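Visitor: PDB entry and its sequence, pasted below:
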Amino acid sequence: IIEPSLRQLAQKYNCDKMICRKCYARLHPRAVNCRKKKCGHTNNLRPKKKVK
Amino acid sequence: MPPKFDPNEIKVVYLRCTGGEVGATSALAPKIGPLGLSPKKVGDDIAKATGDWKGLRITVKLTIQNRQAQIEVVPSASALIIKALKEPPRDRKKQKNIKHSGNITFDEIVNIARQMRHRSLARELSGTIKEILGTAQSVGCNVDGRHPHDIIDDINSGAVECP
Amino acid sequence: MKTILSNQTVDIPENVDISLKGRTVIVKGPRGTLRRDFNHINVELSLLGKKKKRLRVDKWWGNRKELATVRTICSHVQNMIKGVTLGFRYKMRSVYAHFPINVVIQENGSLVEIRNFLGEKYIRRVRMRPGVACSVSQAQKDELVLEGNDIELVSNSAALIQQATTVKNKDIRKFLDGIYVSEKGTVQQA
Amino acid sequence: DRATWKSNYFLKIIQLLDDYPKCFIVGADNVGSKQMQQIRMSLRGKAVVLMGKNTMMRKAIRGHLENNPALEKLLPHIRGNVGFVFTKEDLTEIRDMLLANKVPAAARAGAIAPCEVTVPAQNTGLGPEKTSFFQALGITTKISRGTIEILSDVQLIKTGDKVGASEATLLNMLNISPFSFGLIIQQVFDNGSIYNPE
RNA sequence: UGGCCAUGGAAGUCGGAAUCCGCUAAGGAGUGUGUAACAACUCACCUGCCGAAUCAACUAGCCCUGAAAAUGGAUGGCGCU
Ligand SMILES: [Mg+2]
Ligand SMILES: [Zn+2]
């Protein structure tokens, strides 16, 4: 239904992300802290939930 | 056997365990069962006849189907033959205390076990196979008044007769 | 603490002519001129060697927040030399599930019309940055090429048409649609 | 750890240098664990297989230790991915065995091509699935009674040509692996004399 | 080594007493993705490339998050870096 390398290239911008637990911010997948002042750099991070 | 059913030289051997007790469902109902002229009742009877007395414990059964019958061969596993040489009987019915008596001390049977090893483990002479088989078991692991840590490393016997 | 000196040198090749009016550097060569005003950055920019072979950047008595700027000045100088000599070419592919995204340039590459994104009727017009040329390449189905000299302008122009094609009020993990940057290279390789 | 292991590694390399005076410098490239176990089961009795590392520059100490000169040829040539094969019997027979010890080693996308790759007329062995991945490259594939059949021998990958991702995936689906050599020998050390592996 | 209780399923895999050898350069009877079970993707160690200061845990300062009230509001005000 879609080309797989272009699907992975869309995954790199839409799904391969880190999400903070405090402010729910979308972060780069190599992150150990958060950017936002509003969460105080909480560093409680999770991977973004992959689609089934 | 690709198009619908053409047995030309069917000698398919696959890996299969749990052939000592017939169990409840026997794990034979899926696709391996009805494909290959293997019935369930005669197959369970022959599997029980191969997993008959001496020994009644769960072993590995490799099966050969010559279009009408199943020949089950038991490959000699070290833990399975140690648990078979463990003192019988303990299956159920005053079980639960538990499986780990361990009063065998593997006296003169590991020589024949090393003779019946099927050239596996990428081995040198039997001085390494002794240290493999002295640590692979998990019941008593050594003689009754010894420890398997720093005693198996010094063995001055059994270097020639094992091959 | 205050570190007494942080220095870094940039060896420019012979195809590049650079000069500086204070902290205002100008880099000219084959593809054109590029200026950058490093006022309010507060470093020392010396330019040494016969025919100005290297650009040396100094920071004197700066703590960590201003020691972190010597390498970014060096990186902007590398990117400007790369844009003058080899240029910047950003390739970006149109990923769609069902509706084919129709992209058409209008003047040369300045105004870009995006149509049929998620079956919408609203056309998406994007003005590019001055100096960025947009094109539809050959031997590839749905793919845009952004050519230019300034990496800032080319990548900002890529980010504009990447953020123009976003999916609203849906699951974007399922709706993987839009024009996404796939390759970042130069115009010529040399 | 990290001291006794290094001392044991030094004792092992000096024991192999005192045991086998002839060594082969081969490639330790892309290989599997079962593949290395098959290589060891082939060279079980005679040869000894060893990994080279940065502490293989103790041949200078071996030459300093009052025994053997002319060991400085082996010192710059520890480059790449290095394996040592210590043996005693013969050079050209064990070289022919290492040549015949090639591995199928299903290919990867991005490697170089040693020879030309052809596709014989053989079906995929599957049902009526999609033929777009085979027809996008220019391969004559038809559907004759379920199986996808190739109707013309087409030379896809030439010598020195880069392997594409789609053609690599269709070669992995067709289960054809020509992009393997196994181990590549570089230098043959023979009791002080250095020969050319030709 | 489908090692071992778990049969309702553990060939690393819901879990727990166990918890080492061989090839050895190297895989802990295993960190996850995930299964009626599998299979498969994938982390200790090192080599090919850059060649000198780096890593980890605590702890004390200032600042930030935590920190939301109703008339417009107060380091006293202006303001101050
Ligand atoms: Mg919704
Ligand atoms: Zn946050």
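Guide: Here it is on my side, so go on. Numbering: from 1, shown residues only, chains lettered A, B, ... in the order given. Ligands and ions are numbered 1, 2, ... in the order given.

Visitor: which residues of chain C fall in strands?
Guide: C:6-11, C:17-21, C:24-28, C:33-37, C:44-48, C:54-59, C:88-95, C:102-105, C:111-115, C:124-127, C:133-136, C:143-148, C:178-185 (DSSP state E).

Visitor: near RNA strand E at all, the first one?
Guide: No. Looking at strand C:6-11 against RNA strand E by CB under 7 Å from any atom of the strand, there are no contacts, and the closest approach is 11.8 Å. From N, CA and C alone the C-beta is placed, and that goes for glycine too.

Visitor: got the contact list for that strand?
Guide: C:53-59, C:62, C:67, C:70-71, C:73-74, C:77-78, C:81 (CB atoms under 8 Å, 6 or more residues apart in numbering or on different chains).

Visitor: what does chain D put close to RNA strand E?
Guide: D:5, D:9, D:12, D:28, D:33, D:36-37, D:40, D:48-54, D:78-82.

Visitor: max-length helix in chain C?
Guide: Assignment by DSSP state H gives helix C:70-85 as the longest helix of chain C.

Visitor: tell me how far that one lies from the chain's centre.
Guide: In terms of CA atoms, centre = their mean, to the nearest Å, the centre of helix C:70-85 is found 11 Å from the chain centre.

Visitor: also stretch B:54-73?
Guide: 11 Å.

Visitor: likewise for stretch C:135-144?
Guide: 20 Å.

Visitor: ok, back up a step: by neighbour count, which of the contacts of strand C:6-11 wins?
Guide: Tallying neighbours with other CB atoms under 10 Å in any protein chain shown puts residue C:55 at the head of these, with 24 neighbours.

Visitor: of all of chain A, which residue lies closest to chain B?
Guide: residue A:52 (25.6 Å; CB to the nearest CB).

Visitor: distance of that residue relative to ligand 2?
Guide: 26 Å (CB to the ion, to the nearest Å).

Visitor: I'd guess residue A:13 is in a helix, am I close?
Guide: Yes. Counting by DSSP: H, G, I helix; E, B strand; the rest coil, residue A:13 is found in a helix.

Visitor: how about it, nearest residue that isn't a chain neighbour?
Guide: residue C:180 (5.6 Å; CB to CB, 6 or more residues apart in numbering or on different chains).

Visitor: wait, isn't that neighbour in contact with residue A:11?
Guide: No. Counting by CB atoms under 8 Å, residue C:180 stays clear of residue A:11, with 10.2 Å between them.

Visitor: of these two, who's got more company?
Guide: Comparing residue C:180 with residue A:11 by other CB under 10 Å, the one with more neighbours is residue C:180, at 20 against 15.

Visitor: what segments of chain A are helices?
Guide: A:4-14.

Visitor: the helix or strand containing residue D:26: how far from the chain's middle?
Guide: Element membership for residue D:26 (DSSP states H and E) is strand D:22-27. Put simply, strand D:22-27 sits 13 Å off its chain's centre (CA atoms, centre = their mean).

Visitor: now do stretch C:162-178
Guide: Relative to the chain's own centre, stretch C:162-178 is displaced by 24 Å; criterion: CA atoms, centre = their mean.

Visitor: convert the C-alpha atoms of it to CSV, please.
Guide: The C-alpha trace of stretch C:162-178 is given here as CSV (Å, rounded to 0.1, in the frame of the first residue of the first chain):
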residue,chain,number,x,y,z
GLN,C,162,7.3,20.1,5.3
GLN,C,163,5.1,21.9,8.0
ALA,C,164,2.6,22.9,5.3
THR,C,165,1.7,19.3,4.7
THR,C,166,0.7,18.2,8.2
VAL,C,167,-2.3,16.0,9.2
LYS,C,168,-4.7,17.7,11.5
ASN,C,169,-6.9,16.1,14.2
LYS,C,170,-6.0,12.5,13.2
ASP,C,171,-3.5,9.8,14.1
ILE,C,172,-0.3,10.9,12.3
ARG,C,173,1.3,7.5,13.2
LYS,C,174,-1.3,6.0,10.8
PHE,C,175,-1.7,8.9,8.3
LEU,C,176,1.9,9.0,7.1
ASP,C,177,1.4,11.7,4.5
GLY,C,178,3.4,14.8,3.4
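
Visitor: in it, which residues are buried?
Guide: The neighbour-count check on stretch C:162-178 (16 or more other CB atoms under 10 Å in any protein chain shown) flags C:162, C:165, C:167, C:172-173, C:175-178 as buried.

Visitor: quick revisit: can you name the next helix or strand after the strand holding residue D:26?
Guide: helix D:33-42.

Visitor: so who does the closest residue to residue A:40 other than its chain neighbours touch?
Guide: Closest residue to residue A:40 apart from its sequence neighbours, by CB to CB, 6+ apart: residue A:22 at 7.5 Å. The contact partners of residue A:22, by CB under 8 Å, 6+ apart, come to A:34, A:39-40, A:42, A:44.

Visitor: burial measure for the closest residue to residue D:187 other than its chain neighbours, as a count.
Guide: Distance criterion CB to CB, 6+ apart; nearest residue to residue D:187, sequence neighbours excluded, is residue D:25 at 4.4 Å. By other CB under 10 Å, the residues close to residue D:25 number 21.

Visitor: kindly report the same for residue C:118.
Guide: Neighbour tally, residue C:118, other CB under 10 Å: 17.

Visitor: show me the contact partners of stretch D:163-176.
Guide: With CB under 8 Å, 6+ apart as the criterion, stretch D:163-176 contacts A:5, D:106-111, D:113, D:117, D:119, D:122, D:124, D:133-134, D:136-137, D:156-157, D:177, D:179.
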